[PDB]
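Chain and residue survey
Spelled out from the first residue to the last, the chains are:
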Amino acid sequence: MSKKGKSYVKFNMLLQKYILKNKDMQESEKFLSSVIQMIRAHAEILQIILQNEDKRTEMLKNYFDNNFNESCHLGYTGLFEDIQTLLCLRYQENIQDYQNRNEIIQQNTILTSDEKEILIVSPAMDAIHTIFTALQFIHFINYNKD
Amino acid sequence: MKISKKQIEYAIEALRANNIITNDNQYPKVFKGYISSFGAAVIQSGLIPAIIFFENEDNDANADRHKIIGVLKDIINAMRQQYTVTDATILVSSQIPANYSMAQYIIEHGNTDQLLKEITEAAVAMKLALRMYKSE
Amino acid sequence: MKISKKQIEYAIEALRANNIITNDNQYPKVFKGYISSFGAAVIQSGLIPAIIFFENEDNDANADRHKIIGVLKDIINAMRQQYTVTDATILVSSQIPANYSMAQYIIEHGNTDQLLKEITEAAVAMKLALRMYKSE
Amino acid sequence: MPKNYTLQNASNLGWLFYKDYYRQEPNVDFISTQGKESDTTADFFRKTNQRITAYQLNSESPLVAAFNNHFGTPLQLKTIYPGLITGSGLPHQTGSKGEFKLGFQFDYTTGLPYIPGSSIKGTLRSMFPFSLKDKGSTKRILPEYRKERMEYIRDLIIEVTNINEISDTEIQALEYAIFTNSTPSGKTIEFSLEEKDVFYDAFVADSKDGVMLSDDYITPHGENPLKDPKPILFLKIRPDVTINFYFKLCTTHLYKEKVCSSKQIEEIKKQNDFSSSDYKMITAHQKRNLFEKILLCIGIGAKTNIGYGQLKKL
Amino acid sequence: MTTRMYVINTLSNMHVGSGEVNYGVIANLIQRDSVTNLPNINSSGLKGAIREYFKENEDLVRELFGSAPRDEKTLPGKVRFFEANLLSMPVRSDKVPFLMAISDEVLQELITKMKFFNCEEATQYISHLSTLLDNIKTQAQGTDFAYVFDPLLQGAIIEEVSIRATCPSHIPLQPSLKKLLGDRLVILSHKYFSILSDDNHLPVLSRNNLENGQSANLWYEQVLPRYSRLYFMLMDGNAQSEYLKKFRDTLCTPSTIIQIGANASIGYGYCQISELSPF
Amino acid sequence: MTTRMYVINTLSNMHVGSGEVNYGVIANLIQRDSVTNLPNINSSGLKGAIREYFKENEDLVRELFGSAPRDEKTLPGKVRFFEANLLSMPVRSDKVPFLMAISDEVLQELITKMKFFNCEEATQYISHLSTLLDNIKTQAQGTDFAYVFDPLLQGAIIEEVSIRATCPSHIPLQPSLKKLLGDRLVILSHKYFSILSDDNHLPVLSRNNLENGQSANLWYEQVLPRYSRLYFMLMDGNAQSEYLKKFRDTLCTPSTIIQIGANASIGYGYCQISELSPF
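Residues numbered from 1 in each chain as written, not as in the entry; some residues may be left out. Chains lettered and ligands numbered in written order. Part of a larger assembly, values for the part shown. Heavy atoms only, no water.

Structure determination for this entry is recorded as cryo-EM, at 2.94 Å resolution.

As recorded in the PDB entry, chain E goes by the name Type III-B CRISPR module RAMP protein Cmr4, listed as coming from Bacteroides fragilis. The title given for this PDB entry is "Cryo-EM structure of adTR-bound type III-B CRISPR-Cas effector complex".

For the record, the criterion: UniProt positions are given in the numbering used here, feature names are shortened, and annotations may be inferred rather than shown by experiment.
Looking up chain B in the PDB entry gives the name CRISPR type III-B/RAMP module-associated protein Cmr5, with the organism given as Bacteroides fragilis. Per its UniProt entry, chain B bears the Subcellular location (unreviewed entry) comment "Cytoplasm".

1. What about the overall build of chain E?
In plain terms, the rule: Numbering goes from the N terminus for both helices and strands, where a helix is a DSSP run of H or I of at least four residues and a strand is a run of E of at least two. Using C-alpha atoms as the atom set, the radius of gyration is obtained and then compared with a globule rule of 2.2 Å times the number of residues to the power 0.38. Note on classification: 1.4 Å probe, protein chains only; a residue is buried when its accessible area is under 20% of the maximum for its type, exposed when over 50%, partly exposed between these limits. Throughout, a residue-residue contact means that at least one pair of heavy atoms, one from each residue, lies within 4.5 Å. Throughout, the Shrake-Rupley method with a 1.4 Å probe supplies accessible areas, and for residues the shown protein chains are the sole cover considered. In this tally, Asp and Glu contribute negative charge and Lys and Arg positive charge; neither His nor the terminal groups of the chain are included. For charged residues, the charge sits on one atom: NZ in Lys, CZ in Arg, CG in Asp, CD in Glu.
Scanning chain E from terminus to terminus reveals 7 helices and 12 strands. Expected size for 279 residues packed as a compact globule is a radius of gyration near 19 Å; at 20 Å, chain E falls within 12% of this value. Dimensions along the principal axes, computed over C-alpha positions, put chain E at roughly 60 × 60 × 30 Å. Out of the 279 residues in chain E, the part that is buried amounts to 59%. Intrachain contacts of chain E at a sequence separation of at least 6 include 69% that bridge at least 24 residues. Of the accessible surface of chain E, which amounts to about 10,800 Å², a share of 48% is contributed by carbon and sulfur atoms. Here chain E contributes 26 positively and 30 negatively charged side chains, and the mean placements of these two sets differ by 3 Å.

2. Here we look at the sheet that holds strand β12 (residues 214–222) of chain F
The strands making up a sheet associate through backbone hydrogen bonding, with each pair oriented either parallel or antiparallel. Residue and element names in this part refer to chain F. Worth spelling out the cut-off: Any two strands with at least two DSSP-identified bridges between them are counted as paired. Fitted lines through C-alpha atoms give the axes, limited to the stretch in contact for helices. The angle between two N-to-C directions lies from 0 to 180 degrees.
Pairing in this open sheet of 3 strands is mixed, and the strands run β2-β12-β11 from one edge to the other. A strand with exactly one partner marks an edge of an open sheet, and here the two such strands are β2 (26–28) and β11 (204–211). Each neighbouring strand pair of the sheet contributes to a mean axis angle of 55°, computed without reference to strand direction.

3. Focus on the interface of chain D and chain E
As a reminder of what qualifies: A 1.4 Å probe defines the accessible area here, and the buried area is the portion of it lost by two parts on being joined, summed over both. When a carboxyl oxygen of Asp or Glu is within 4 Å of a side-chain nitrogen of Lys or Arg, the pair counts as a salt bridge.
Taken together, the 41 residues of chain D in the interface contact 36 residues of chain E. Between chain D and chain E lies a buried interface of about 3,400 Å² when both sides are counted; carbon and sulfur atoms form 54% of it. Its largest share of buried area at the contact with chain E, chain D owes to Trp15(D), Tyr108(D) and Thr109(D), together 24% of the area lost on that side. Here chain D and chain E share 4 salt bridges between them.

4. Topic: the pairing of strand β6 (residues 98–103) of chain F
Residue and element names in this part refer to chain F. Most of β6 is tucked away, with 6 of its 6 residues classed as buried. Bridge analysis of strand β5 (residues 84–92) against β6 gives 4 bridges, and the strand direction is antiparallel. When the bridges of β6 are listed, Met89 appears paired with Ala101. The pairing of β6 with strand β10 (residues 185–188) spans 4 bridges and is parallel. When the sheet's bridge partners are listed, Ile102 is paired in β10 with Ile187.

5. Concerning the pattern of salt bridges
One side chain can pair with another of opposite charge once the charged atoms of both are near each other. All names here are of chain F. All chains considered together, the criterion is met by 59 salt bridges over all chains. Across the pair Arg164 and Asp94 runs a salt bridge whose closest N-O atoms are separated by 3.1 Å. Here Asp94 lies in the loop between β5 and β6 and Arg164 lies in strand β9 (residues 163–164), a separation of 70 residues in the sequence. Of the residues examined, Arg164 reaches a relative accessible area of 13% and is grouped as buried. Its relative accessible area of 29% is what places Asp94 among the partly exposed residues. In this structure, the salt-bridge partner of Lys191 is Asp144, at a minimum N-O distance of 3.4 Å. Remark: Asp144 occurs in the loop between α4 (122–140) and β7 (146–148) and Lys191 occurs in helix α6 (residues 190–196); sequence separation between them is 47 residues. By relative accessible area, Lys191 is classed as partly exposed at 45%.

6. What about the sheet that holds strand β12 (residues 311–313) of chain D?
All names here are of chain D. Read from one edge to the other, the open sheet built from 5 strands follows the order β2-β4-β7-β1-β12, with strand pairing classed as antiparallel. What marks the edges here is a single partner per strand, and that holds for β2 (114–115) and β12. In this structure, strand β1 (residues 75–79) lies alongside strand β7 (residues 242–245), joined through 4 bridges in antiparallel fashion. Along β7, the bridge assignment pairs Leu75 with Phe245. Relative to β1, helix α9 (residues 284–298) is tilted by about 10°, and along the sheet it contacts β1, β7 and β12.

7. Remarks on the pairing of strand β5 (residues 98–103) of chain E
Burial along β5(E) is two-sided: the face carrying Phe98(E), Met100(E) and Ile102(E) and the face carrying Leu99(E), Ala101(E) and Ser103(E) are both buried. What sits between the antiparallel neighbours strand β4 (residues 84–92) of chain E and β5(E) is a turn of 5 residues.

8. Some points on the side chain of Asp198(F)
Looking at the secondary structure, you find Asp198(F) in the loop between α6 and β11. Salt bridges are absent for the buried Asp198(F), whose nearest opposite-charge side chain, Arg32(F), sits at 6.3 Å.

9. Overview of unusual backbone geometry
Cis geometry marks the peptide bond from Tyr81(D) to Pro82(D); its omega dihedral reads 5°. Counting through the fold element by element, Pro82(D) comes out in the loop between β1 and β2. In this structure, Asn25(C) takes a positive phi of about 65° despite not being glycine. The residue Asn25(C) is located in the loop between α1 (5–17) and β1 (26–27) in this model. According to the relative accessible area criterion, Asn25(C) is partly exposed, its value standing at 33%.

10. Section: the nonpolar core
Buried together is how nonpolar side chains tend to be arranged in soluble globular proteins. Our working rule: Take the buried residues of types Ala, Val, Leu, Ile, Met, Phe, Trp, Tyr and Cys, join any two whose side-chain atoms come within 4.5 Å, and each joined set is a nonpolar core.
The biggest cluster of nonpolar side chains holds 236 residues, and the ones touching the most others in it are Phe38(C) and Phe245(D). Of the residues forming this core, the biggest block, 11 residues, is contributed by helix α7 (residues 113–131) of chain C. Setting aside residues up to four positions removed in sequence, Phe245(D) forms contacts with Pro74(D), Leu75(D), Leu77(D), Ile115(D), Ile120(D), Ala202(D), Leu295(D), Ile300(D) and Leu311(D). Within the second largest apolar cluster, 88 residues are counted, among which are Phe65(E), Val96(E), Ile136(E) and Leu276(E).

11. Observations regarding the interface of chain F and chain E
Inclusion rule: By the criterion applied in these results, polar contacts are pairs of N or O atoms within 3.5 Å in which, for protein atoms, one can donate a hydrogen and the other can accept it, and in which residues neighboring in sequence qualify only through two side-chain atoms. Three classes are used: nonpolar for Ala, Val, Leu, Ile, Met, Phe, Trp, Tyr, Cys and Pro, charged for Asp, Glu, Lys and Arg, and polar for all others, with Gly counted as polar.
Contacts between chain F and chain E engage 29 residues on the former and 26 residues on the latter. Counting the surface lost from both chain F and chain E, the interface buries some 2,400 Å², and carbon and sulfur atoms represent 51% of this. Connecting chain F to chain E are 4 salt bridges. For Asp33(E), the salt bridge goes to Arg226(F), with nearest N and O atoms at 2.7 Å. Counting the contacts that link chain F with chain E gives 11 residue pairs in polar contact. It is β11(F) that provides the largest number of residues to the side of chain F that touches chain E, a total of 5 residues. For the side of chain F that touches chain E, a count of residues per class yields 14 nonpolar, 8 polar and 7 charged.

Encoded structure:
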């Protein structure tokens, strides 16, 4: 992740928000573990949403609302909103950091395909992976095996 | 099975072209039930009767239910395009004419489960792509 | 009870042959009500009463509703034409004579379940085939 | 055999009406056009009709007694002339003379004439304001419909219960609680098992000194006054026949124009911010009286616009 | 103690929807067995209905049925509900309003089920039912039959005119078998019972939708005829003793009427559940 | 005394989960074999179910199945549990309620497995099954066959694949093969059995979750038909003979019923395991 932006700030706030604090014992906003598998499984559709221009925010909100459409998900609207905001910020940072770099790497006919592929970073996919890894870290800290 | 990104892209294009999604990214809220019921009906009653039922235009339905068959046709045409052409390929790749209705097309060219498989994948793609929009 | 595409092909050819669906690919709109009413009559009253009611020609109806019985006869003849030799041992694989009253045929052939299933399937196929097309 | 229906000596009335009606006798011939009009066919159908219409029902019938034991105390009403028609749209027709040409609703197992609970529920809901669906087609008639039915329902509720004022929102909530067991928005109220409003099937209970079935005529004279009318013969429930209406109704609690459950309403009662002004109660007895008044006003069955299916107190 | 057999007496017209789309006359059809293709109640529907009846006793439901689907901690259920299979179906006749119709294949299925599961009173019922089936097959000699045990119901028409009832002597029906199967019982061949219980012969009820007194929709619903009998098996899975006893008493008490299926508000699926009495 | 063959008789509907995320109509699919794609039971699930039945006998479980997942000491399992493959499945018929359906390829795989593994009574079964398979192939000669061995069952229809059963009168079916494969046996071509065992023709059940009478969720489950037969191999890896004898006697006891799969609270996946009898 790049610390020169709001994605790092939002990532820190999300971690602090959804990590259980045992030292206290009043409460923290609850966590939905099914969002972790949704991010992994629906990654291609999320990439399609992210690559959409000037409609990605509404599309992301609609996707998360329409996938988590049950009465039990009324409590996790804050988590869904935070995930959407962080994902959009990370996609913007990744395109602004990597689009020109990738398009100059792609047509640099000195490197073979293997090193080009190891050098070419997909912005939307990297943002999805970052959000997924952050959610997995939250779950790993939160989950105990009593 | 996983989600085919290309089929979802075809679903997006077909949903926009067949006038299910309005300009402010919205649909009349009966179409999600239409797609889910189409999948269930294809499983439970067979391809031809389900296609005839959902392709009928003289229906007392809330909205234009026959548009989902147009979306199905567009998705199937798009995926039959970019089918690889090798002499070992079981796929037809012939494009369904816009003159033809889906039911007559399956009637006169229907001897293989290729259409059933393509329709199942197209219905799944429609279901997953419609979740990206809002219901009026 | 799944309607095969061959039965629907038989229904379309029978509906065309009995001058219900014109060359314009349209039909008189009252025939869909006729077919639905016959389907309901077979299950409520019985095969004999329904066929007697829909087979007479001195009725004061808008259209020739006795033609749905001819369509039924053609569909049943087409189905019986494709009965295998093993079927012919249990199932009566004999063409309905034509110019014969269908009610008379069913009366003379007992009231076997075979005719009831055949007529039910043929009526459903006729319903679907009519839904393939457009009302005048 | 011919009278006193009972379970030991009878023919199923539904079987007689639907399956045995067009039985192929050695010399009847209603297949042909000539035979459909013949006197032999008319005599055949006359004998079948006489067999169908010859059954009476005793008040102390084990069938109806079992119905009372299973579904509860019946609401007893009487049919007045011309009678009661139900299931009129069922296909029973061949084109013959002397034949019954309209369907009749017969219980399958018992053969007794009956009014299905869905018919009773719909007939009762029809006079409640929120029975017409908000649709594009129905949008032009929706407001007048609701206004008329809401005034009617308000008068009925004030007459039956000891409620002095009822609001339009209260009527909406009460109707949705009775018929949908839900909030007008579509939400669900956590209800107990005994807090469901159930509309069982009505049954014929007593014929007294006569039979419970008869034959009636409608003769539609056409738009052309110079052409011969067509007589249509159908089957009706005789006048002065007792109809048992079985319900399972609960008490509906209304607090602040919303419908409350029993535990909800007791918890609200124990609260110190509780007022009797916005608490309303209509009991099962009062609901049954309201349903009785609706039934005595509009009747039940087919052709109720022309007097068929009107009911009277025992 | 482990396995018990319960019989469902239907007090009204049952509709348990399969949900499959039918494009013929009947829009809504009833659930059928995967193997025998006879009307049945899926065990999930049985469990849901009985859980709804007992929902007021939270402790009993939690012990016997399990935890609610919303609870953070999930508790497995202890008692096992097996699907309800069709035992007897009423058939309309000319000599009597309705007869109790059962097939020899249904009897054989019940005998096999009792042998496999070892319900409490299984031994006597299996012995006498096997005797009945052997007598019926010896008399039938491979032909079609419709056997009545009251001599007064001779020549009765079992719905269709082709099926007429004969009374064979030498074949006794025990009073306990009459209690299990039903009064005015007719023993049918598999062909006849398949004909009488198929989609074209099961009862259908017509329904329409009215908008300001004018018809908007129209559909037909297949229903299971009133007073039909279905049997299901219940195994207690180390459930607590007094909770099990309360479940057994409340379930089998005369005043218990349980709603199974659809269209509850219009009186459809109301049933009485009784336990297999000692022979 | 090692490597004996066991046959699973399914007393109820069976659902062993696939763990596959199906975006489609049927969300819950059953476990299918890797090579043949026929429905199967994974050896892990079979071992878990049999361990759960025997968990009351701690010493037998420890010696045969191994240590518990939480034991401080890890004891390897001594018995080897092979996966269970589909042998016979009930297909719907008209003359009879159902027929037991097996393909020629299923028989070939059974013969191959018996040859490879040296089952206890493998030799006679291999000889007679090879005779039967060769006779069937001689009678069919590259055609789409469907053969019944009871002359009364001639012309029975398989409703899903609209074909009728022929009787090859000059092909014998031995009583032990009847016991193994099942009563009312039809042996079909591979394509017929593949069509009958695919996702579109296996029974699919509709289920919902009702929150205060309002539908909260809806999903479709596919199940293995009741009375289906599956076979698996058990190898006795240097296990104590007395614990082995207790395990085998308890497993093949008629009163033993084992639950394999999901939806245990409803009557799903209840099975009887029998040993291969001498021919």
